[PDB]
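The structure under discussion appears below in the form of structure tokens.
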Ligand SMILES: CC(C)C[C@H](NC(=O)[C@@H](O)[C@H](N)Cc1ccccc1)C(=O)O
Ligand SMILES: [Zn+2]
Ligand SMILES: [Zn+2]
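This is the structure:
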């Protein structure tokens, strides 16, 4: 019901002034000022947010909305068929419209991710913005300011005009870049140089406590190496400068969100201080950084929408996210954020997920999972393994691994997926506007690296129900299962003594015995068990992770079922599970006769 | 009954005291042999006087007495080997430290077992005298001398006998010894004074009040155990059904016929098992292990009450009546 945005000039400047001082209530106070055009005027609250691929704009957290034209309140009417659109009537001869409101950010995780704490805050300008309908967002010149808690430091890719006391005024910027230029602020801050030169890269760290900022030299070097390895892959940087934003916290809501010249990232307080325990999540900065090339600069044409209030088409997210998931893990190994053994066991877990952990592939394609952002909005799902769940990430990753192996085979290892990366994202160094692409562009660039029917290859994997893990064998390794723990599973389990048993009993458990996941058609599923039931005892003994694992091993090769005493709501029963395969965890093993292209792929350049 | 109990001791215990208990200083041992008078008859008068004074209703006092009677009819299997007299040694033996089986080791039964004997003494005094004398006459004769005197006036066993004989001639020495040195019934005073101990599924008023608010489950006369609302067993009756399933205090009843434990859940299952041949299935936690036991108990919920014997004179109500 809101008129379509037009690629026409916007006269004047959209001023967005935010007071971010009410940490106790977690309220962002907002004033938006813009020229007022006589007649009906519709203002938009951003709905579809770039990088979320879904209508995540928190419309019901916009409160206290009062709109004044030249100082006189004008009543507003919401469009009942577009609840993000507010309509007012501007009198003839008017000059200026001011909208004031408050963004009531989450006071608990049940409302969304927390954005204010006693020590830090995360300002996402889309949550504090109203903008006129009828214009391509990039045509609206904007200028933002923020009043910070007293004395706090801040970081953002957006250039500062002046700080007066605790009020930071930024230089004017196009409105789409404003939304794409989030800010972290906090009292415990460290700025770390990752790459000097004409297109510099910095790491901005905020923490709950100052002791978490003590990054050691080798740990900083791994982040600096990430930047160096991206240069080798792409040969260009799509920014004039880049600002990593990293929150080390137990209070701010978790985040990984890419932008052209920055990314919003969260880690635990021990990101640096316990480097060897916090490794499984360290592909995060590599992942989001890669999006500066793959997602921000190059974007699918159906995803690159003209404003924030028309729907996004996610059809090509298996490139956007899929190949970024691939490069995040590859680049973690190439830079030293991960060890080679860590990256290899992680890849083994991905391969196992599609060989045995995704029975839903029998009926649903990876391509259809590009609709999961809008279908589910990351709300809880009963069977991620059977409904599927954004597999354009990891399923896409496996496809790109096979693409790499095929490029090598076609060219006697003279070309690889690195050549696609440079060809598709390496043009136009320094540009950070949007360069759209279609499916045919992907095929054409791949064909330019090595001639082959890439259109049929891509569609057969993304529209099919068959194996996605062919890149493992083609690049010289084989997926196996044994009772040796997977490094990723072990690290993810060991803090609370949880039990991941996907490939043995077909479920995962918390240390409490509560079932946290059940594999469709697996042994636990076939006993009627669901997530939320509790394993009370194993063969009569009070549950623990060691107890149930010992029982699985004890049942290997026998005919005596494992007796699980189960609590289902307010009832207790004993189920007999005839599982005798023992503990099974995925790993990769070399195929001795074939060249090891996998290790070449994961090797630093 | 607390203030009635301790007040009665001003007469029975402080003023009149057994000679072996009335020691010359605080640092030579006390002889407790006569505590079934000191505490036993005071336990008796504490409850009687609660009814006479209105601290308790008559219905409350009657259900309390029913619980005492049931305790010695069915709740004290230890009487098969231990006498009430020997429990006067429990203060020094145990110092009220925790014991596994109050019902089998016995536990200061000179209180409530003594109370039951004194009820029977009352009934016998009435029977010997065509209801012209009662235990009230022993109270006045034994403790009613020397108004205003609060020095200690010691007594021996023979003094108890002679004063009882003065109320109504009878071989009181053999009577007292037969009850305090015996292993047989102590509840004869109930029927002699016109009532009968019965059990049914109607809650005992004392048990109900003691159960309430915390949602506990006293099941002594059905499953032979008591439980907290959590399912933790708080008591087990020797040779009862729970005992015969190997259960001990501290074990936990996790489920009843598969349903998560509650006091209502286990009570409903007991009622559902009344008159059938389907055992009650209890899921039990014993330390860190779980097992299911089958209890073949089909008597239903059983709580003690007193009921009139219609043909007999109601002396019990006279005893509990305000004077
Ligand atoms: C902490 C990490 C798990 C974060 C990780 N982030 C990403 O993949 C980003 O590149 C995504 N662009 C973040 C995203 C995608 C879809 C809907 C909402 C948010 C994610 O999976 O959300
Ligand atoms: Zn991503
Ligand atoms: Zn007393």
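Chains as they are written, first to last, in our numbering: chain A, 40 to 644; chain B, 36 to 358.
C-beta: ideal position from N, C-alpha, C; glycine also.
The C-beta of residue 579 of chain A comes closer than 8 Å to at least one C-beta of chain B. Burial state of residue 610 of chain A is exposed, judged by a 10 Å Cβ sphere holding fewer than 16 other Cβ atoms. Of all alpha-carbon atoms in B:345, B:218, B:61, B:113, the one lying nearest the alpha-carbon of residue 231 of chain B is that of B:345. Per the Cβ contact rule, the segment 97 to 110 of chain B is in contact with the segment 225 to 245 of chain B (3 or more Cβ pairs under 8 Å). Between residue 248 of chain A and residue 227 of chain A, the CB-CB gap stays under 8 Å. In the DSSP assignment, residue 62 of chain A falls outside any beta strand (DSSP E), carrying neither H nor E. For residue 329 of chain B, not one C-beta of chain A is nearer than 8 Å to its own C-beta. Residue state for residue 96 of chain B is assigned as helix, using DSSP reduced to three classes.
Judged by the Cβ position, residue 93 of chain A qualifies as a neighbour of ligand 1 at the 7 Å threshold, a heavy atom of the ligand being closer than this.
At least one heavy atom of ligand 3 falls within 7 Å of the beta-carbon of residue 74 of chain B. In the three-state reduction of the DSSP assignment, residue 120 of chain B falls in the helix class.
Close partners of residue 576 of chain A in chain B (Cβ separation under 7 Å): 325. Residue contact with chain B for residue 568 of chain A: absent (no Cβ-Cβ distance below 8 Å to any residue of chain B). Residue 126 of chain A and residue 118 of chain A have their C-alpha atoms roughly 7 Å apart. With respect to chain B, the C-beta atom of residue 548 of chain A has no partner C-beta closer than 8 Å. Residue 124 of chain A carries a strand assignment under DSSP once its states are collapsed to helix, strand and coil. By the Cβ test, the segment 574 to 587 of chain A is in contact with the segment 523 to 539 of chain A, since at least three Cβ pairs between them sit closer than 8 Å. Every candidate alpha helix (DSSP H) stretch fails here, since none sits fully inside the segment 48 to 104 of chain A while reaching 4 residues.
Short of 6 Å from the beta carbon of residue 430 of chain A, and not among the five residues preceding or following it, lie these beta carbons of its own chain, in chain order: 405, 408. Taking the Cβ of residue 409 of chain A as the reference point, every heavy atom of ligand 2 lies at 7 Å or farther away. In the DSSP assignment, residue 361 of chain A falls within the alpha helix (DSSP H) that extends over 361 to 374. The alpha-carbon of residue 315 of chain B is positioned some 60 Å away from that of residue 250 of chain A. Think of a sphere of 7 Å around the beta carbon of residue 318 of chain B: the chain A residues whose beta carbon falls inside it are 611, in chain order. Where residue 582 of chain A is concerned, there is no enclosing beta strand (DSSP E), because DSSP gives it neither an H nor an E. Counting along the chain, residue 486 of chain A sits inside the alpha helix (DSSP H) bounded by residues 478 to 488. In the structure shown, the three-state DSSP call for residue 336 of chain A is coil. Relative to ligand 2, the beta carbon of residue 167 of chain A is positioned no closer than 7 Å to any heavy atom. Approximately 7 Å separates the beta-carbon atoms of residue 544 of chain A and residue 591 of chain A; this is inside 8 Å, confirming the contact.
When the beta-carbon positions are compared, residue 427 of chain A and residue 403 of chain A come within less than 8 Å of each other.
Contact between residue 379 of chain A and residue 641 of chain A holds: CB atoms are separated by about 6 Å, below the 8 Å threshold. With at least 16 other beta carbons inside 10 angstroms of its own, residue 625 of chain A counts as buried. The C-alpha of residue 599 of chain A is placed about 11 Å away from the C-alpha of residue 578 of chain A. Nearest neighbour of residue 337 of chain B by Cα position, chosen from B:84, B:59, B:106, turns out to be B:106. Taking 7 Å as the cut-off, the C-beta of residue 297 of chain A counts as close to a heavy atom of ligand 2. Scanning the segment 487 to 527 of chain A for uninterrupted beta strand (DSSP E) segments of 3 residues or longer gives 516 to 521, listed from N- to C-terminal end.
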